[PDB]
Amino acid sequence: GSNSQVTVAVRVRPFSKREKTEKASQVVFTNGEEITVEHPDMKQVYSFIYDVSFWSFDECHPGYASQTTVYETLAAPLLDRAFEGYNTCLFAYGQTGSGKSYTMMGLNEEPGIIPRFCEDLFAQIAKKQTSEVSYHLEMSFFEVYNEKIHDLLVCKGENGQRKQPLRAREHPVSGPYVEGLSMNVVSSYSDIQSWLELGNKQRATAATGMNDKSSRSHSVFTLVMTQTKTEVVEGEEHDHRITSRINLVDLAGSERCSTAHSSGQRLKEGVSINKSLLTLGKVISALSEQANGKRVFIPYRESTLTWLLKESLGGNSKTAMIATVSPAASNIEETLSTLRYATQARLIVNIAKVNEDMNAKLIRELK
Amino acid sequence: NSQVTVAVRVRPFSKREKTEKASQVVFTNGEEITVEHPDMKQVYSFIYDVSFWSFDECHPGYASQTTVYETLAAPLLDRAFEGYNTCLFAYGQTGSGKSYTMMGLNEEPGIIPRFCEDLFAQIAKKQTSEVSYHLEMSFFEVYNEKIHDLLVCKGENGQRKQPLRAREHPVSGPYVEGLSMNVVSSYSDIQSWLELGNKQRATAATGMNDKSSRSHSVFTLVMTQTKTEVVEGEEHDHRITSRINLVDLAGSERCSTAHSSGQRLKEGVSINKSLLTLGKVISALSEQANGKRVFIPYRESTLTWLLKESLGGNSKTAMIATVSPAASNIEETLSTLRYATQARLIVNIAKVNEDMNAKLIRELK
Ligand SMILES: Nc1ncnc2c1ncn2[C@@H]1O[C@H](COP(=O)(O)OP(=O)(O)NP(=O)(O)O)[C@@H](O)[C@H]1O
Ligand SMILES: Nc1ncnc2c1ncn2[C@@H]1O[C@H](COP(=O)(O)OP(=O)(O)NP(=O)(O)O)[C@@H](O)[C@H]1O
Ligand SMILES: [Mg+2]
């Protein structure tokens with residue numbers, strides 16, 4: 001393997017009914033590809049640079065970045081690396097009502113990165129479905145809710161108390177994993193769609209002040225893609241095997257407990273989300289400081305999300321993130337925090353390698 | 001001058017074991033034989049003077065019935081016609097194939113028929129007006145250190161196990177008093193007598209089988225050569241004799257696992273004792289052949305005492321131990337192997353052959 005950096009992208013969503021009703025001023029502007037922010041105080045205008053910038057604010061202007069465009073700019077390269085045998089990770093970040101549960105999954109009329117990636121992967125595999133390489137796909141779809149793990153592809157029993165919790169455990173080599181996760185086999189995009197629909201029907205959502213359907217649980221969508229390649233060997237064939245993992249992550253939002261006025265369960269889950277995001281920010285800052293040659297420890301273990309995504313934020317995977325921000329003045333502080341974490345995520349690098357899985361058999365040694 | 005030829009035969013699976021997928025625990029490496037437990041804890045290694053791996057018909061050196069005969073038994077005929085006494089012992093637990101090797105089927109014969117028919121053939125070839133041959137046979141059994149005959153008709157009684165005695169003729173060595181001896185001219189007669197006797201041989205349905213042998217069977221052929229030589233007159237009476245003995249031993253069997261009370265226990269005890277004395281005599285004979293000064297305890301058991309003149313001296317002894325490769329019979333297998341061994345058992349432990357594919361160490365080198 002060799003060093004590769006985390007691909008950071010940004011997306012400015014358009015005004016919503018709330019920012020229109022309580023009429024607010026546009027503050028986010030794109031200077032070509034830079035993203036600029038003109039504070040109402042007018043002390044200065046901040047300017048942030050990113051590997052990619054997307055302007056889905058307008059629906060007319062040259063620069064309109066639609067869902068297919070976001071796909072063909074971010075997700076297709078990860079599919080290339082997955083076919084190359086690398087693990088890949090993509091995760092969303094942002095505050096409430098920024099469009100993280102839209103960019104990734106999308107609506108029934110404007111699908112997101114998840115359906116586009118799955119369909120494109122299956123189609124490329126069918127195109128390349130020669131007798132040389134036999135392909136296999138497995139999937140899982142789990143969530144995190146008040147620091148508890150839940151399986152989304154497991155239909156709840158005949159009760160309300162059915163969110164049967166699992167637990168995380170560290171395999172000494174493969175790293176963290178979830179015990180009891182119903183991995184399911186994937187033939188094609190239709191079955192993927194059915195499973196995903198069942199999952200999103202099971203996921204924890206709720207209405208609030210700043211969203212009618214907000215996600216109160218982090219979501220991880222994992223694919224395991226196995227290529228068993230045929231080769232002319234003097235003995236038994238089909239030893240060449242490449243196993244690659246794709247991990248797509250829809251996180252929850254910051255949510256100050258004033259705008260999104262809540263009480264009880266809404267508040268409790270709002271607190272847990274906030275703590276998870278704090279730990280994530282600490283991890284990102286620590287990896288950025290690692291990239292500058294200092295000595296730092298990464299608090300992976302302070303939360304289940306970072307624990308189960310340890311090998312992706314750093315570790316061994318081609319990683320990318322999509323920051324989501326609103327263009328209004330009422331969300332200026334959260335926009336700036338998100339943009340700062342995004343830009344200091346760019347300095348992260350991770351050592352991704354091809355997962356040959358032939359250590360101490362013959363082939364990694366022959367290499 | 002003598003030497004014990006020790007041979008060990010590993011049978012193949014049967015249809016029942018192949019159906020049940022009974023595992024394999026006996027393996028080969030050329031001459032050596034090994035036992036590797038299913039627990040992967042210990043590896044026992046045995047060496048014998050000859051091995052017969054009848055496990056798979058494809059492997060090179062698959063021991064055919066003809067191979068077994070021509071390797072173990074037939075040189076005994078050479079020594080017999082040379083004028084020297086011979087003994088062939090057969091040992092093996094039930095289910096090992098101790099009969100298939102020795103007596104055999106109607107289609108795949110064994111040591112006994114190949115031996116007898118080759119004997120008849122060589123006799124017919126050597127028969128002239130000057131030299132003649134004469135063959136007598138006897139068939140007795142040993143049960144609780146007592147002798148019985150197998151070639152008489154059971155009289156009209158609840159039991160007619162008439163015992164006999166052993167006596168030491170000062171010249172002819174020991175012998176059995178009152179034993180009937182019959183003349184033979186063909187394998188038809190031999191087969192008829194044997195098929196009569198093996199209905200009288202003591203057998204009972206123990207835990208391990210419906211018919212397990214509880215007596216040591218001795219089948220003796222006395223072959224007399226009458227030749228003539230010039231004595232300045234009528235050439236007459238230059239006489240030689242040779243004794244062939246074929247012994248079928250019974251199985252050991254422990255009585256601590258196989259709970260067994262009464263007559264079964266007495267039988268097993270006597271079997272165990274006779275086999276112990278037999279092993280002592282055999283090892284003493286090996287040391288004598290290797291040149292030490294040794295005392296051979298022929299007299300501590302009836303079988304050894306009766307076969308004294310056919311183990312020691314310028315006589316030729318062979319032993320064939322039959323074993324099964326399955327795992328369920330592993331205690332019997334290890335026991336028979338240890339019994340047949342004459343020099344020493346070798347023991348190691350190894351689980352390092354599985355080198356994760358295609359001998360990984362080669363590319364490491
Ligand atoms: N490019 C866009 N154009 C129009 N509407 C958009 C766009 N992006 C997001 N939205 C709107 O955003 C709303 C909520 O977005 P959503 O996907 O829930 O963001 P979110 O980050 O998932 N909120 P949360 O659940 O707290 O994480 C939807 O009702 C969409 O109509
Ligand atoms: N060398 C061999 N090759 C192939 N099959 C064999 C061989 N030896 C024995 N068998 C088979 O295994 C059977 C064992 O002999 P058989 O007399 O039927 O039972 P048994 O238990 O060996 N009798 P016994 O040994 O006196 O208790 C034979 O009948 C054959 O079917
Ligand atoms: Mg959401």
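For neighbour counting, all protein chains shown are included, and Cβ atoms are generated from backbone atoms with ideal geometry for every residue, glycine included. A short reminder: the numbers here are calculations on the coordinates, not readings from a lab.
Among DSSP bridges having both ends in chain B, what percentage is antiparallel? Round to the nearest 5. Write out the running numbers ahead of the final one.
On the way: 49 of 72 bridges.
Rounded to the nearest five, the antiparallel share is 70 percent.
Tell me the net charge near B:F27. Cut-off is 12 Å between Cβ atoms, B:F27 excluded, with +1 for each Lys or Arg and -1 for each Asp or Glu. Walk me through the numbers before you get to the answer.
On the way: positive: none; negative: B:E32, B:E36, B:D56.
Around B:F27, the charge tally is -3.
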If you average 1/r over all unlike Cα pairs in region B:1-126 and invert the result, what Kirkwood radius do you get in angstrom? 16.5 Å
Summed residue charge, Cβ within 15 Å of A:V12's Cβ, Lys/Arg positive, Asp/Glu negative: -4
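Starting from the Kirkwood radius over alpha-carbon pairs of chain A, derive D by Stokes-Einstein at 37 °C in a medium of 0.692 mPa s and give it in µm² s⁻¹.
Working: Rh = 21.8 Å.
The diffusion coefficient I find is 151 µm²/s.
Let me check I've understood the local charge: for A:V45, count other residues with C-beta under 11 angstrom from its C-beta, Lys and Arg +1, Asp and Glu -1. What total comes out? It would help to have the intermediate numbers written out before the result.
Values: positive: A:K43; negative: A:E34, A:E38, A:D41.
That works out to -2.
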Hey, if you put +1 on the Cβ of every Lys and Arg and -1 on every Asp and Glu Cβ in chain B, which of B:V222, B:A166, B:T67 ends up farthest toward the positive end of that dipole? B:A166
Place a +1 charge on the Cβ of each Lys and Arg in region B:3-362 and a -1 charge on the Cβ of each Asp and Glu, then give the dipole magnitude about the Cα centre in debye, rounded to the nearest 20. 1300 debye
Would you mind ranking A:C60, B:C87, A:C155 by Cβ crowding within 10 Å, fewest neighbours first? A:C60, A:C155, B:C87
Which whole-angstrom value gives the distance between the alpha carbon centres of region A:320-367 and region A:49-122? 14 Å
For B:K292, list the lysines whose Cα falls under 23 Å from its own Cα; do not include residues on the same chain fewer than 8 positions away. B:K280, B:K308, B:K316
State, to one decimal in nm², a quarter of the convex hull surface area for the C-alpha atoms of the protein assembly as shown, i.e. the direction-averaged projected area. 52.3 nm²
Write down the percent of antiparallel bridges among all DSSP beta bridges whose residues are both part of the protein assembly as shown, to the nearest 5. 70 percent
For B:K18, go through the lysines and keep the ones whose alpha-carbon is under 28 Å away, minus same-chain ones fewer than eight residues off. B:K41, B:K98, B:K211, B:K351
Hey, which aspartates and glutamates would be in cross-link range of B:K273, C-alpha to C-alpha under 14 Å, not counting anything within fewer than 8 residues on its own chain? B:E145, B:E253, B:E300
Compute the distance from the alpha-carbon center of region A:203-228 to that of region B:154-224, in whole Å. 89 Å
GNM top mover of A:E109, A:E234, A:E34 - chain A, alpha-carbon springs below 10 Å: A:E234
